[PDB]
């Protein structure tokens, strides 16, 4: 809910059939001492959008779903209303928790 | 919260269905750890408003929504009261994330 | 049965053949006291997925099974109702028990 | 702040619904490094005021609001109160926010 | 102080009404590089004072305050002590600081 | 037919290519900065000059003037008669002939078949995207470097003020309340010794750019859609279009200024095939460069015809000492 | 035939290789930053520059122009006739010759045998995977260190404004409601003294990259697939293509600008085998470095023969004092 | 021949070792962190870098090029002729020679005696376990610390935007229906002063790793399997491979860029046996460290020969003044 879309998007930049293997960005997302570090990590994650967009039709692969503005706004509100590192680390580890999942993407 | 409009404007020069691909400006937004270079990135982003204005109707879609004046008079006192760069990162990275999304810019 | 699969994946880490022994992550999963600690434990358990995924074909035996998205999202949903460590310990040990089972990984 | 009126004037020669399209002055003042070039660029943009005054009534638009005097006494000591170029650049380029927006200039 | 009067005079040269426009003298003063150019520009600007005095009563406007000889005799040694153009350039724009002010020349 | 003319001329008391002072009473002439050695390190200087867009525009004007007299002058755009600088705009998906015929902007072969101005000076329709590189290339008119370094000053601007005096039907000067359209209108004037290197490439006139050369059986031939007589007519008109350049028909404000015009010296190379570009007369030392280039081109085996006016150009090189500008056009056009 | 040319050339009143703003009225030329010691700490300066892409494209244009006249010039791509810089698309597996023949994009040996432009300037086919490195490498056009260090100002941009005027058959300028394609717009102008150090590795012409050398019985031979006469023709064409390089046929906006150009000085090395690259003329003291490099290259045992124009190169080192540009071309084509 | 060369060079207008952009029509250059004291606390700054993999691959290319002319040039891999840096991977049981002979991937002594490139730069076959340490070790290319200490910002990236316009037979731009291969391809350029610290351990060439020393009667001898003439030729080729390194043949994208290159200063130590690694030129005071190191090594009992270029290194330490890089190459050659 509201995170499965961004989780799938993060899975798009790590799974096979795409050949980028950006482990650094998902690791930076997973470990986040502060909220600004998590925001930088998700920025480097989302920066890879047009790459994936044209890479899909490069080989006739279905286009991935870029996260909606509404979920971006909700994530922003959540990330400023979180103050202590406890739930901050909770959210950081939850965002990229299933980036290495077994999504049946790009059939 | 005067952030959605500026994010839409940043998207309008990054989104598809256009001809002008400037990732340099949004990159400068992302990696600008101090106030003056934040401002300079903003200037580089806003320098291309007339190009959008006279490019939008070429394909017939409605013209892009430049941030309203109040959107502009908010930013100065939003950034001047920022003393340490720690929270200066939050606004920059947030409006950088607002650049990338998958909404219907103009039909 | 929605828990045997993740246990099988964990057992893939330490077993006959499969020359990558990571007991630290399994112990961290089992020993975890807070639900977030379980979250990073399963995260570092999952981050080794490409390792085994591309190494399985190096010896020819059938590739392992990566946990499906539905089961991992269901674990995530079960996360935010354990307000006490009393059930957290039993959940962690139940997840970690299957690691050292007699699994026929790939003959 | 004495910035808004000068921004109004600078944008009066860049905005739409006017046939004068020459943003060399704003680019010159944006790239300001010493004390003298910012002043000469600003006054270079300033000397086009009578053109605007005599062309406003051609299209029925209200006459442009020439920057008030207090603005141009205030600009000076705010530049000579500083010596380091690091502070110089902010006030050298701060007038370029208002040059590009989407207000209404010809009702 | 010591600059308001000369700037008010130069604004009296070119302003609203007072149909005698000569931008060449002020432009040459602004772009003057050596002391001789500045002196000849000042002389050319001061040569038009009788015309302004004659035109003062031609439209009912108050007579312009003629600059005192004290100001020019002070400039005589205030310009003739420098060795490099870099230090005089701002003087020129200071001389041009009031070229396009919103003065109440004819209230 | 790749012809190159370059030389030194004098322009005095001219307001050609006026910047206009940003739309005010004080109108001033455009200036450009150029670098000169001065044997003590290269230094820049601001001097008035005339851009080559002007040169190309009145080249088009002269071509139209000398082409309308020809019997094949029908094939011209209606806007070409009124000396319209633009060839095609944003919203014109069709063109109108002088007689009023409608023309599409597809298959540019028929466009150059039925338009002559667009064939020689190029065209571009943004809606259709059909392009054509101009067959004539214009060089900027800058004052000669030696003259600039020999004056060490004398900005060459006079700033002559000339106003308009009007009265009402009663004969009253009037005031600002009634307006009376009384302004100052000061205009600055230029004088000096300039150089020109206008060059013409007539080897592709009447041939579309898509397939310049056609093959029937492993043999090249030019692809001329038009009848060859029209090709000679267009070539002759283009060659004689330079007549109103070395006489004083260049620049703006031709009514009140009419610049004092003469040719100090000039050098022309005609040839038949591609040849190296003739160097510009702005440099003080272009003459020995010119003679060296023409001598080496002749050594390589280029059948180049060299004409000179007020230049010795050596003695060994076979050069025809021309007598004026128009008879030079006659020399160019006997060999067509 | 690895030939390297480097020298100083003065450019003036030019707008070559401008980025045009991508559809805006005020267009500006390309600018890049350079580092200069200035004897008080290295500092960066923004100056106009010409990208090597412009030089490579214009070298391609000159090469095809001088190769079309050869009897073997039929073996050219159809798009090369219209001066198209594009080589191969992302999803096209066939190419069309000048005569309409179809050539596949596999087995690059037949590609370079049947097409000459791709053999010299390189190509890449994404879908078939075929690729070939370019045999000609072009350098950048930047103002030299001595010139940039002695100006300390005068940015060298003039930004002369020129516009277009459009009128209908009634002679009406019109308003924005009807559009009338009336734009104001402007262009930026530049001058200075730049340096060029382009190189040409022409010794591998006609030899496919897959098998550069053939061994019959422990004996190496070049894998020349094309006719040796065709190889010599390609060499001479690509070598004489340098003539429309130092004459002023580079950059964009040649129709209106045609920059005032001359050759201040140059030095060239021809040799026979692999040789060190010639030092770029951007630096203040490249003359001494080049003199030392040619001296010790000759000392090491390399067959080095050099040419010089308007430079000393000492007295001990033998050199041929050329006097023009195409004379240098004749000197290089003499050794075939 | 344990020879170490390190110094400072000036690299301007270069796009060497770009990130590639990953297909976004926007390609940036690779970037890395560098720590600087700045006298008020250690801070990390972002700087463009050239990976040592570039240096290793280009030294490989130069070695192959200079070994082709050697009469023993047959002993090379087929892929080395086309400058393929790979040696073996994922079950390469056999390899091919230049003449087409087949060499097995066991008993690496035969591999190094038959394949000179694998002997020099090492190799790895991940199916038989054969491996060999490379004789050449490459270091990163980074801007000098003081240069970025006195830059106070000035990111050094310009991000110039290129273009590729395709025109068909009809001369139309087209749209997405045909594709038309129309994109931007914007590239980032850099400038500054960098340092290089390439080293060469050529004293082990021609000697297998398994048995490097053979004992006849309690006496060591080097285990050379190749002919002494073969060893000398390989040494000469490896030594002369440095010519296309400080001439401007390092990095990629040389067809369009060809970076403006110059060597500010350099220092080399040759010796005969194992010696301390020559310190990098990235630091400000590397000259003093080099002086101390060479003085102490010479006083310790090492036959140290040191060559310098544009570096004083005092007077009490004997050194040879080389005016270029290939003068140093010849000096190293004369002592084989």
GNM on chain F, C-alpha springs below 10 Å: top fluctuator among F:294, F:173, F:112? F:173
In percent, what relative contact order does chain F have, based on Cα pairs under 8 Å that are 6 or more apart in sequence? 27 percent
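Okay, helix-only estimate at 222 nm for chain E: each DSSP H run of n ≥ 4 adds -39500 (n - 2.57), divide by all residues, round to 500 deg cm²/dmol; what do you get?
-15500 deg cm²/dmol
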Any chance you could check the Cα centroid distance between segment H:214-289 and segment F:238-252 for me, in angstrom? 66 Å
Overall dimensions of the protein assembly as shown by Cα: Rg and Dmax, Å: 36.5, 132
Is the C-alpha gyration tensor of segment G:32-142 telling us rounded, prolate or oblate? Criteria: a/c under 1.5 is rounded; beyond that, a/b larger than b/c is prolate, otherwise oblate. prolate
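Using a Förster radius of 22 Å, what is the FRET efficiency between residue F:93 and residue G:172 based on their Cβ-Cβ separation? Nearest 0.05, please. Please report the intermediate quantities before stating the final value.
Values: r = 20 Å, r/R0 = 0.93.
For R0 = 22 Å, the calculated efficiency reads 0.60.
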Residue-averaged beta-carbon neighbours from other chains (10 angstrom radius) around C:28-41: 2
Between rounded, prolate and oblate, where does segment F:182-336 land on the alpha carbon gyration tensor, with a ≥ b ≥ c its root eigenvalues, rounded for a/c under 1.5, else prolate if a/b exceeds b/c? oblate
Counting other C-beta atoms within 10 Å, which of D:43, H:66 has the fewest, and how do the rest follow? D:43, H:66
Shielding of F:185-193 by partners, i.e. mean partner chain Cβ atoms within 10 Å per residue? 1
For the residues D:98, E:103, G:42, what sequence is obtained by ranking on other C-beta atoms within 10 Å, fewest first? E:103, G:42, D:98
Closest approach to the axis - chain H beta-carbon, rotation onto G, Å: H:153, 4
Just to confirm the number: angle between the C-alpha axis of helix E:35-47 and the first principal axis of chain E, 0 to 90 degrees, nearest 10? 10 degrees
Quick one: compute the contact order of chain D, relative version, from alpha carbon pairs under 8 angstrom and 6+ residues apart, as a percent. 46 percent
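Just checking the output field for G:211-219: average partner chain Cβ neighbours within 10 Å of each residue's Cβ? Numbers along the way, then the final one.
Details: counts 4, 5, 7, 3, 7, 1, 1, 5, 2.
Partner-chain Cβ atoms within 10 Å, mean over residues of G:211-219: 4.
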With only helices counted (DSSP H, runs n ≥ 4, each -39500 (n - 2.57)), the per-residue ellipticity at 222 nm for chain F, to the nearest 500, works out to -6500 deg cm²/dmol
Within segment H:11-35, list the residues whose amide N lies under 12 Å from a label point set 7 Å along Cα→Cβ of residue B:33. H:33-35
Could you give me the percent of Cα pairs per 20 Å distance bin for chain H, shortest bin first, beginning at zero and ending with the bin that holds the maximum distance? 26, 51, 21, 2, 0
Under a point spin-label approximation (7 Å from Cα along Cα-to-Cβ), what is the residue G:104-residue F:323 distance to one decimal in nm? 6.9 nm
To one decimal in nm, how far is residue A:4 from the same spot in the other copies, if labels go 7 Å from Cα toward Cβ? Please give the shortest first. 2.5, 2.5, 4.9, 7.3
Classify segment C:1-87 from the C-alpha gyration tensor, please: rounded if a/c falls under 1.5, else prolate or oblate depending on whether a/b exceeds b/c. prolate
Comparing F:176, F:139, F:186, which has the greatest mean-square fluctuation in the GNM of chain F with Cα pairs linked when under 10 Å apart? F:176
So what's the gap between the Cα centers of segment H:121-149 and segment D:1-26, to the nearest angstrom? 56 Å
The distance between the Cα centres of segment F:1-53 and segment H:188-208, in whole Å, is 52 Å
Across B:53, B:78, B:44, the residue with the highest GNM fluctuation in chain B (Cα network, 10 Å cutoff) is B:78
Which residue in chain D puts its Cβ closest to the axis that rotates chain D onto chain C, and at what distance in whole Å? D:34, 1
Label points for residue H:310 built 7 Å along Cα→Cβ; distances to same position in the other copies, nm, shortest first, come to 2.6, 4.9
Say a paramagnetic label sat at a point 7 Å from the Cα of residue D:91, along Cα to Cβ; which residues of segment E:62-99 have their backbone N under 12 Å from it? none
Suppose a student asked you for the relative contact order of segment H:1-141, using Cα pairs under 8 Å spaced at least 6 residues apart; what percent would you report? 18 percent
What are the nm distances, shortest first, from residue E:83 to its equivalents in the other copies, labels at 7 Å along Cα→Cβ? 2.0, 4.5, 6.2, 8.3
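Can you sort C:97, A:52 so the residue with the fewest Cβ neighbours within 10 Å comes first?
C:97, A:52
Note: ideal-geometry Cβ built from the backbone for every residue, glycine included; neighbour counts use all protein chains shown. Values in this text are rule-based calculations from the coordinates and carry no lab data.
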